[PDB]
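1. sequence plus experimental coordinates follow:
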Amino acid sequence: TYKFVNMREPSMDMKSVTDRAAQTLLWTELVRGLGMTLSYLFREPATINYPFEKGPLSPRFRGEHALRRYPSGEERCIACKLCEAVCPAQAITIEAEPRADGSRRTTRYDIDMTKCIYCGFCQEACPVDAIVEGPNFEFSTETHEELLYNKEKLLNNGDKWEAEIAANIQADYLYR
Amino acid sequence: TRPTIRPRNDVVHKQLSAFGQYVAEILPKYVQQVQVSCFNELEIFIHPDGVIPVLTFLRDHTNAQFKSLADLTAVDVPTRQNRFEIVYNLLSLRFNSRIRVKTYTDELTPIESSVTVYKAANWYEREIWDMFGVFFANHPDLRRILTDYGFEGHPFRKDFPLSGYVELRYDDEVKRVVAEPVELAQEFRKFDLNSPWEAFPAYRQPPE
Amino acid sequence: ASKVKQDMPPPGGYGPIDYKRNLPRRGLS
Amino acid sequence: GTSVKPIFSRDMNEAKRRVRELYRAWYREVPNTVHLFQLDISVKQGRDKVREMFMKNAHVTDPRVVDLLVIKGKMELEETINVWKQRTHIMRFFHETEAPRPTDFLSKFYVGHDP
Amino acid sequence: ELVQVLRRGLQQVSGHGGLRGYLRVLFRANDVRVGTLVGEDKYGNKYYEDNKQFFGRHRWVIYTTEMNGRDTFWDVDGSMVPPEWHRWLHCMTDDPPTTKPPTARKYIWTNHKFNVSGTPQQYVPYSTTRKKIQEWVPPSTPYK
Amino acid sequence: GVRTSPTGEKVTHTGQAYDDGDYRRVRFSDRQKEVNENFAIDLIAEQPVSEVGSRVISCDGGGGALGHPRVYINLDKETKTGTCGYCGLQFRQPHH
Amino acid sequence: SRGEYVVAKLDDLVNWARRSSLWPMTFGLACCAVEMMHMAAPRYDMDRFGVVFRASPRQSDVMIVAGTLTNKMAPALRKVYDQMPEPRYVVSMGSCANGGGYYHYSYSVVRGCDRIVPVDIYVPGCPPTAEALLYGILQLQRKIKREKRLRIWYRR
Amino acid sequence: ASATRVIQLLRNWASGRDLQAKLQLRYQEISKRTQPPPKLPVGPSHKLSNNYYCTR
Amino acid sequence: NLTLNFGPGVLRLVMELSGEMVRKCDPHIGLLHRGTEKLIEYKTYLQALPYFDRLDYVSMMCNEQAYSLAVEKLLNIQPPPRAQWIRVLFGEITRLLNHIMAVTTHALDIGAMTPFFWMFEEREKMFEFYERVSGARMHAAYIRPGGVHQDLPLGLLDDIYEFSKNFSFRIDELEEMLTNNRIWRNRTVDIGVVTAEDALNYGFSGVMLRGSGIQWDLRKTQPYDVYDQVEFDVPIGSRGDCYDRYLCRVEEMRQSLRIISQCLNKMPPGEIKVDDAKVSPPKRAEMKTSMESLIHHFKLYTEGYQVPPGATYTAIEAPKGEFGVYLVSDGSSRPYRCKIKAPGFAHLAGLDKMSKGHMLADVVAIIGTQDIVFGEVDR
Amino acid sequence: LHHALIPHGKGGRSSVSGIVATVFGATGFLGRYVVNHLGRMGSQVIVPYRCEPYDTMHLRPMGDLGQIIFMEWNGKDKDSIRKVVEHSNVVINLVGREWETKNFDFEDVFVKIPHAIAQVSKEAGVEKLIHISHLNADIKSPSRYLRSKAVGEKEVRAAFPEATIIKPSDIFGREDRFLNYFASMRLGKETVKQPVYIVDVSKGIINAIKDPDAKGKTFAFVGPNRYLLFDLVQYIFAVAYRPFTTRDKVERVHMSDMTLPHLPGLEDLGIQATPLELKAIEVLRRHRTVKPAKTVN
Amino acid sequence: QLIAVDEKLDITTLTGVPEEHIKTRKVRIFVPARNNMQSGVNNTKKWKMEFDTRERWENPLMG
Ligand SMILES: CCCCCCCCCCCCCCCCC[C@@H](O)O[C@H](CO[C@H](O)CCCCCCCCCCCCCCC)COP(=O)(O)OCC[N+](C)(C)C
Ligand SMILES: NC(=O)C1=CN([C@@H]2O[C@H](COP(=O)(O)OP(=O)(O)OC[C@H]3O[C@@H](n4cnc5c(N)ncnc54)[C@H](OP(=O)(O)O)[C@@H]3O)[C@@H](O)[C@H]2O)C=CC1
Ligand code: SF4
Ligand code: SF4
Ligand code: SF4
Ligand SMILES: [Zn+2]
């Protein structure tokens, strides 16, 4: 099924021609557009008062990365390198070795935030919910160097944001 | 074939096989092979000399009328004596059908330009020349279209490295943008992902 | 015990959704 | 044997004639390029660079390769004449920022492992 | 009519503690709306809601005038909100951290910090791994 | 459990610290070195050993689907305790 | 004495005037320009901060690089930057402009716009949300407030 | 929307239609930001028998 | 007969003009060439999916859908019904987003600039829909070659219904500002007229065909997913100029509202990705309880699934025209070749013939009516 | 050699050259070229600044990520000097003002600050120090500029015996105060000038850093040709296509450049001095809207 | 219509490769050996061409 968008022929009756002439000479449709703009002037604007008001977000939102840990304080990451393998931008660099207690842990976990595309593939590849994408998005920087995160920065981000991260994961994990 | 398997269409398969045999019968001077894939796509493998005739036929014959050129591109296969294969995708609106025409060339053999058959080919051919180094004869204006001015090489070739050979920066001594040999602070990490234990027995090659 | 629960349309569907062009004629010859 | 399809030239002489035509065109254009881009080089060294870029390919004995090179050089000349290039593209032929590399065995020994 | 709107304006003037508080909030947040107080932050941030406002303007925070070390009477930014109120304020949840608080962990930061870029507290990247190759150490005694 | 270098730098949980002759220390002048204060090895060392009256125990890290993959740990050796390969929690049979 | 007091007050006044009317020119290279446009849309209304929409390059105060910078494009960006009257500030928005992003290992991509121009603010994200870009703009405002040109001149 | 009757009439007459019927600003008619948990059914291959992978 | 170089989304235009008329107009492109097709050969199929978000970055999920359909055809599998319905619903939402952007940017370049704000508020609401379903506002990566990544949250359909029932009035305000305005008509009528045969031979598609009266639409002639289960009309032009194309785009916005209503009412229950763990990753609970699920998760996220060897050309009716992919698999987990066909390529190639014998101020209108985004043109 | 300071790479942007350089006065004319030369081969550069960081913004793209580190300092304090030069193996002094300021006269600029820099660098174990003075610096100069230059050179030698002294003449370049100053005027026939190109001086400093035998030596960086002032100004005005700083600059520009044949120059550092006729157009083209001046050898 | 030229094929000048990446490199043509950790032989079927290993160094920032 199809429709014609512009296939109407104007009436030739004196009345139709006079109406078209009145439109041409008196600018009726221009006045109609002016009235539309006038009506729009008198309705409440859609502006919010940033930063005192914020934009609504979802528990699924992808923001700044963080490394998490178990309630005992032991870190969840066991250096499987699945996030490094899946990263489309090759933004994760991992080095691991046995710990002093024989535990399988990382000695290097770097994320280059200027290569990252914030796709969230790493957190869905993780088998132990170690690397996550947090809710924070206000982390602009004055230099390029501070956007190259090492393991200490990501652990500090986890310790900073764990409350919100845990609440969001509780809200959304039944869809995963 | 339960709900996870793609359903198959035998009527379209038969129709495309019949049209392939029809085309091969009509143009035996240029057609070397005809194929219909399991997802009902018909491709015709031709000799390079028949690019202009075959295409013209498929555009102008009353039983084909493939009036639309959907895409024209090239594929680089270094292991073949003729390195590059040229792929034409054609759409027929009268018969609601699609067809594919393949031919081949190497780094030094020109291919006839098809701008006289399809006006759309022009830029496509430029792109091919830009990315693979295939020259098209009788092209109205063949030149680079995607790469930077004065760029050396053809980046879509398999032996071309991913990051190229030069990188750009701003120099304050000469007060301009300059090109230098590429140096990466982090080398791209090459992954060996292919597993042993072949996946598909239906595509096994003879052990020669 | 628990039954399947996912995002679904309400029973009876949704109300009609207007899409046709509506540019009224104000009216004066 | 080994019959091949021509690009433009049936033998070496036609290819040499096309090479000479392209060289004449570049030699004529060099002063206009120097003036119009406001370059800091002289016409003499511009023509020397043109000659060097021509001599880089002087070992080719295949007419198809030769006239493909001529097609590429004509493309480059068309880019230069129409001022599609910028001053940076023109100046890239001279590598004025790249540090000199020693060809001596001892110097390459001293700097690193690269032969 | 007009009279009701003016009465609402004067009630806005009164609901901020008089002209002093009215001018204070007008010059600090460019807004003079009065909403019901939802919660008090440990750093001094106050949180307000007004469900008669349209979505996006129904929740807001009035920032403290002094966070960890700096004067924030004029210099406020969105990174000063702690994560629990951050969840409430971005409408990721309908429940403020007063009615339901976050789970308590001993490794969670007891003091929130804002963005410290351009500050001696800024993060500086560095390698976290040990040296790979160890060099040979000559003996301290001569041979002859 | 953070330590300090003989120079004055903090030592990370990976044991990293620039030596005295390293120029790279200059990156921290007028700035700070980011170090996480909570060392996971010390924190997991403080957990009590759980006692179970079975030869085989199962661990998933707590929280069900929010933990780690479920693994089974043998407790036949009385010399040592069974340790989870993901969580670090320890289990033992009631000796004596 | 009064000499440092007056230069401090004048420096504060000039900083307030300069950061209260920031006129940007937006280099809308790729998909980050869409979030740039969403920042000018009514919900965020950058114009209410004194930040005009699409200022002319000859009267712009800040350059916003929003999108991938190719090798073919870099000379033009440098030329436009060199045209701008001082004081001028550059804001890098998005992973591509910040360090190359998804196209970092490409033969035709500049691995970060800071190889070409000096950058004042780096805004992370692929893309950053319009709110994140607004946060970066306000951070640039605070940075401008932090500076002291008359006090340095008096002391020198 | 908290607009006076006179302002509503003026904007309606200037626009040429009833604006209060279809407002572009959102209010309490949107869904709540906290929702009950889902259950999320399983697919057809979740049988315990007659489910060999070679047949699917 | 002078020459002008209108250089720096970003486009360089070299034209020869005699007086006011345009004699020749050659576009120079490549200012956004990122080498996407070479980069894709170094990724698994899942790793390559997010590049299609950035190809035509006004219609993300449509490119996602085209790539997913190509990979599905090569894999000989099919998505579950609910995934198909979700795909078509979000494809129509994406068509609404793209058409808003195209029309309002056209008007802003002409000089109107008020409907841009009026409709970008609605664009922000649909960005909210994107974020609630995927966590990202534009670069979503939601539609996968096995279906979709996640099911919808529990209250999303209600909010989509609430939004879609007020959008027709916003379209009506747009038309009141533009459709019958004599200045807009004088800027658009009889500008960039292209005949049907020339449009066919030049490789045009979508509106650039339908404006000239060609009755062609890929969702009607070669339906994919559940499209053959929804009814809608195809707007068709009569004069093949910019004004008819603008009318067609507005009508397609209305028809997208119609399709979205149908999709909302007939959303079925069930799973959202294919129940084949060698292609689609298992659930997290299954991954954390079952041995086969853990193995398949590990292998799918490290190596990726292997695709049987072969080549396909898969095309969809994207909001800008026929968007296609020629995908060549050699049997491994990484594509051997991926050629992206973008309609804006052919449209910009035809810009030269479309602007013959027109004013300089008409080239802007022709560019706006061609609906060009250079991410897909340059790739 | 401290393994972290062993050269690696191909001498490019992301290479490691093994040079840790602290460059005082990097925000001026010669400093930008010196920092660019240092950073294009992958050295680590520490930039002390007293001005606004905005005035140092043009040095940011001169090195790879992390290779350029900006720190605040002031010349009256030795602690800031110490913390700026703590980790460097080479220190370069480019500090100098061509006029007198109410807070810094010539004595502080050319004597006290270089002496403090040299003493603190020697205390911190810096291996190499490079100090810039003037070609015509002598004790009995009528001008306080060159007199303070000579005194500062002596005190730098006293504090750092292994210091390399580089003496240059008027430097002509794109941001200079020789050619631009002579072109902004819009006496002679007895003053002779010997100008040197800026890039030549930068390469000379770099090669002095790289030369192991230039430890305690004193260099004089001069151009190839000596011109009379009148003909030099005539050439400058001709190149610009146009018809033909309180007291110290006038007296310094009216005086003749000394000749010191016994001192090594640019050729001892493997550099061929660029004549002014090749760069005059580059410097003076912005002053517009072939017949080179006579030279005395 | 056919040149009938008799010479060895050489396309070096057309590929845009820098001079020192032609005559200085050494390529290796081989069938890759089976990974001894596994028994599958499917990765020992085709011929590979690979270039000589060059210097790799440590980035001073981030290592
Ligand atoms: C008649 C003769 C005229 C001669 C030339 C003079 C030009 C006209 C003078 C009038 C200029 C008005 C300046 C007053 C503006 C101050 C605004 C004040 O409210 O800003 C606050 C304070 O800002 C600064 O701290 C105030 C410094 C301004 C100057 C102070 C006194 C200078 C007066 C000296 C005049 C002498 C001139 C001599 C030379 C002619 C903080 O605002 P801000 O941080 O931005 O925004 C934060 C955003 N929030 C609030 C939404 C969260
Ligand atoms: N004619 C020439 O150019 C030749 C130069 N001379 C010597 O070469 C050296 C560098 O030359 P040039 O680059 O042209 O000089 P500039 O004037 O361009 O810059 C000198 C540097 O020294 C800094 N500086 C000046 N005064 C002080 C101070 N009181 N405290 C701290 N830093 C200060 C300046 O920084 P800031 O801007 O922050 O004040 C500036 O960065 C100088 O020592 C000069 O004497 C040698 C022969 C002649
Ligand atoms: S979000 Fe995507 S690009 Fe970023 S680190 Fe994770 S997987 Fe890599
Ligand atoms: S963060 Fe997760 S996926 Fe990445 S290495 Fe650690 S455990 Fe594996
Ligand atoms: S930074 Fe990310 S969102 Fe922005 S243009 Fe690049 S790929 Fe798109
Ligand atoms: Zn455990």
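-> Received, thanks. Numbers count the residues shown, from 1 in each chain, chains lettered A, B, ... in the order given. Ligands and ions are numbered 1, 2, ... in the order given.
2. C-alpha from now on. contacts and neighbour counts both.
-> OK.
3. what about the helices in the chain?
-> You didn't pick a chain, so chain A it is. Here chain A has its helices, by DSSP state H, at A:14-26, A:28-41, A:82-86, A:121-125, A:151-172.
4. wait, I meant chain F there
-> Ranges of helices within chain F are F:40-45, based on DSSP H.
5. who are the neighbours in contact with the residue positioned nearest the centre of it?
-> The centre of chain F sits closest to residue F:41, judged by CA atoms, centre = their mean, with a distance of 2.5 Å. By CA atoms under 8 Å, 6 or more residues apart in numbering or on different chains, the contact list for residue F:41 reads A:74, A:101.
6. can you check residue F:57 too?
-> By CA under 8 Å, 6+ apart, the residues touching residue F:57 are F:72-75, F:91.
7. just those: which are in strands?
-> Among the contacts of residue F:57, the members found in strands (DSSP state E) are F:72-74, F:91.
8. pull out the buried members of these.
-> For the ones in strands among the contacts of residue F:57, a burial check counting by 16 or more other CA atoms under 10 Å in any protein chain shown picks out F:73-74, F:91.
9. out of these, who's nearest chain D?
-> The shortest approach to chain D among those belongs to residue F:73, at 51.8 Å (CA to the nearest CA).
10. thought that closest one was touching residue F:82?
-> Yes. Assessed by CA atoms under 8 Å, residue F:73 is found in contact with residue F:82 at 6.3 Å.
11. SS state for the residue lying farthest from the centre of chain B?
-> In chain B, the residue that sits farthest from the middle, by CA atoms, centre = their mean, is residue B:173; the gap is 44.7 Å. Three-state assignment for residue B:173 (DSSP: H, G, I helix; E, B strand; the rest coil): coil.
12. quick one, what contacts the nearest residue to it once chain neighbours are set aside?
-> In this structure, residue B:173 finds its nearest non-sequential neighbour in residue J:33, 6.4 Å apart by CA to CA, 6 or more residues apart in numbering or on different chains. For residue J:33, the contact set (CA under 8 Å, 6+ apart) comprises B:172-173, J:198-199, J:202.
13. let's see if you can find the most crowded of these.
-> residue J:198 (22 neighbours; other CA atoms under 10 Å in any protein chain shown).
14. still on that earlier bit, in JSON lines: the helices of chain A, plus mean neighbour count and distance to residue B:52.
-> Converted to JSON lines, the helices of chain A look like this (neighbours: other CA atoms under 10 Å in any protein chain shown; distance: least, CA to CA, whole Å):
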{"stretch": "helix A:14-26", "mean neighbour count": "12", "distance to residue B:52": "54"}
{"stretch": "helix A:28-41", "mean neighbour count": "17", "distance to residue B:52": "54"}
{"stretch": "helix A:82-86", "mean neighbour count": "23", "distance to residue B:52": "45"}
{"stretch": "helix A:121-125", "mean neighbour count": "22", "distance to residue B:52": "47"}
{"stretch": "helix A:151-172", "mean neighbour count": "22", "distance to residue B:52": "58"}
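15. for these, which one sits closest to ligand 4?
-> Smallest distance to ligand 4 across those (CA to the nearest ligand atom): 4.2 Å, for helix A:82-86.
16. hmm, the closest one touching chain F?
-> No. On the criterion CA under 8 Å from any CA of the partner chain, helix A:82-86 is out of touch with chain F, staying 14.6 Å away.
17. do that helix and chain G come into contact?
-> No. Under the criterion of CA under 8 Å from any CA, chain G is not reached by helix A:82-86; the shortest gap measures 13.6 Å.
18. which strands and helices sit next to that helix?
-> Judged by 3 or more CA pairs under 8 Å, 6 or more residues apart in numbering or on different chains; DSSP states H and E, the packing partners of helix A:82-86 are strand A:92-98, helix A:121-125, helix I:291-302.
19. which stretch of helix or strand covers residue G:39?
-> Using DSSP states H and E, residue G:39 falls within helix G:32-40.
20. one step back: I'd say the residue farthest from the centre of chain B and residue J:34 touch.
-> No. Contact criterion CA under 8 Å: residue B:173 and residue J:34 do not qualify, at 9.8 Å.
21. any idea how many residues pack against residue 87?
-> In the absence of a named chain, chain A is used. Taking other CA under 10 Å as the criterion, the count of residues near residue A:87 is 22.
22. please refer instead to chain I.
-> Burial of residue I:87 is recorded as 24 neighbouring residues (other CA under 10 Å).
23. tell me the contacts of it?
-> So, once contact is read as CA under 8 Å, 6+ apart, residue I:87 ends up touching I:65, I:143, I:148, I:225.
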